[PDB]
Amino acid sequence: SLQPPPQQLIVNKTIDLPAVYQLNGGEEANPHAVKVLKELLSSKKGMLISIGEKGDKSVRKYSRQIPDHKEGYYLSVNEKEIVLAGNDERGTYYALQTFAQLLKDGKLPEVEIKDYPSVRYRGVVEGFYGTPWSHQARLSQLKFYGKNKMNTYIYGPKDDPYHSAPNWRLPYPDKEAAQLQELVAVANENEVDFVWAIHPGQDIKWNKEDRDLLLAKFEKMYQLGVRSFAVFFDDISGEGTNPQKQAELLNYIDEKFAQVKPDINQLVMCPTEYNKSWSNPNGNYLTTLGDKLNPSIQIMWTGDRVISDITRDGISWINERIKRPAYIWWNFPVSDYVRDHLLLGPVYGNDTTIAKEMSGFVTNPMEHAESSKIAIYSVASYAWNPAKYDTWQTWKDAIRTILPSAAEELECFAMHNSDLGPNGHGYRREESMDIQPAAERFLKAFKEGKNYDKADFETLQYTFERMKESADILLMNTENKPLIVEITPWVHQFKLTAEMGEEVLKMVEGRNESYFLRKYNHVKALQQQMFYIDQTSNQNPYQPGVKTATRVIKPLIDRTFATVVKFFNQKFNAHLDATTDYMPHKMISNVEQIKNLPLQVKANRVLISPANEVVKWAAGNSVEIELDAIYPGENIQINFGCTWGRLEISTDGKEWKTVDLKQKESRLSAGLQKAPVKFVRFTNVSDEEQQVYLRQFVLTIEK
């Protein structure tokens, strides 16, 4: 209804937008708010509309109703008068943003509102690894922040070469500089502080030469319009991690630059130890920063872990040490460590009562800018009014705002694209919770030979139908073309999941052998299509491919497919393959966890899925990979957790050529030097059983 929800709102009657109005204070009030107001409109005889900041003539009558907080405002609508009065210029702009949401069909509700943020700095840090947001995406983002009362945008793409090492020393070229100039201007028009960050720690020298280069870079950005600045020391090693040096540098920028210019706003640093588990208690890095860094300077913090939600105990832990309220860097929805997943679910987990305990709250988003508006909108609501923060309603409101013409379809898509999957940070999100109980019940019964509930079967049927509807509708949506460009690969994979799910359910209901077999063949072809999408879309270097509906739906479908094929093989004494993911290559083994470990293709690599359990490698047993063709080989790398095995390659499986594995901490490796390869074979040739841990088994070929 109103986002963010105001601190104070008074319920009844309806007032039409005055066809004739008298404007009071258009020449004294925030020009950015006036422009918004004249846009919403279209003389002295008419109804009075008072706009202005506390102190202006236009609103002196309502001085006692205007909240005495920065960015606060007072809004009133009744039959005779409209009041739009901020405590300051940004507060007046934020009054117009709320006013704009109130306007419906030219009709306004009779309301009185007192409002202001609970958290002083609220917004976004473009701080991820990956392709930095496009210029057109950044322009759209700033307008979005202004509409949602987010007042902070911290520019810091890790892979922008003029942000980080070594070319943080170099001024932006004319083209990029002109774009940053535009960004800064658009930010100002939308009441957003543009904070330009620099990331010099990996190669900074603690000498005068690098100090001066950093300040000269800051001066250039200031000439481009930048009035807020940040220095990042995250994700570095070496002398740059020295807290005393970091604090002296930031205090120098403060005293010789930030407090020398007339109009610099935020000065922010992010530390090397930026979460609790990365803090070494055997030293005292954080208390050195807390005590030496000038108190006006902000210190960023991601929580108890690199990826974590903010708790009351956690914020108190850090605050005691840095001697000031932490400026939260919240690592959601950033996906740069799970780049084959979209993270489109609700924003939750952050304590709603600790607004006084944080200096700021910013979200690190996905490199998918439009897709991140779901989380950004929700953080905007949370940060402005946490006590009233409504996780699910705000998620639904965000989707309806981003894609009104297809909000139900985006909800369906987002609901099943929210978990991260397994990852090194251990961070997960709920997903598909609506249908998860019916999936769990259906699969337990089916596996056990008990009757499943008809209602559960139909819930699954319904889900797959709605998934196909939503996929096809989103693909053709033209209301937010940039969004659809971002999600399309996942949309394609999402539809394929839904079609597969339908066909497996028909295998469950199947009543004759011929019909079952058509469905089985259809499922296999769909598996092959998902493999194709996984290999040709989103081919980034770290987590290539496209994964969707991974927490609940894909396991349901795969396990149901496997179970019904097992039942068919039993019933008809048949030997249908029950594999659930297409794999063009083959692998066979006499060792067994390995025999059932699936191969994977990632870029030009062919690898055995690593396991976690003990692999007992018997005396004579082996593992042999057979590729679907002859390829020029690059290397083989193995990791067993070696005077017992023998690595051989071949083009025909008859004539073999032994390859010698080189040993090292990084472990068993061997170059192939473009030799043709189709078969790789690893055979235990010693006499005692050798138990191992397959951490990796990877062949790389030239494509």
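The term rigid core refers to the most C-alpha atoms you can superpose between the two forms while keeping them within 1.5 Å. Residues carry their position along the shown sequence, with the first being 1.
Core-fitted comparison in 6 other deposited structures of this protein shows that, between 273-281 and 115-123, the CA atoms farther from the shown form belong to 273-281. Compared with other PDB entries of the same protein, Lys54 is present in all of those that resolve the residues around it, none of them, let alone a third, dropping it.
Note: missing coordinates for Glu688 occur in a third or more of the other compared entries bracketing this position. Missing coordinates between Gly641 and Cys642 amount to 4 to 9 residues of the deposited sequence. In terms of unmodelled positions of the deposited sequence, the chain runs continuously from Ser666 to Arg667 in this entry.
Stretch comparison (620-628 versus 553-561) by mean CA B-factor in the PDB entry places 620-628 on top. Across the two stretches, 467-475 and 349-357, the PDB entry reports the greater mean Cα temperature factor for 349-357. Take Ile82, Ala177, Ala380, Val306 and read off each C-alpha B-factor from the entry; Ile82 has the highest.
In this PDB entry, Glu367 carries a Cα temperature factor that places it within the lowest third of its chain's modelled residues.
Among the modelled residues of its chain, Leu108 has a C-alpha B-factor that falls in the highest third, as given in the PDB entry. Sort the chain's modelled residues by C-alpha temperature factor and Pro610 lands in the highest third, per the entry. In the PDB entry, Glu411 places in the lowest third of its chain by CA B-factor. In the deposited entry, the Cα temperature factor of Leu460 places it in the middle third of its chain's modelled residues.
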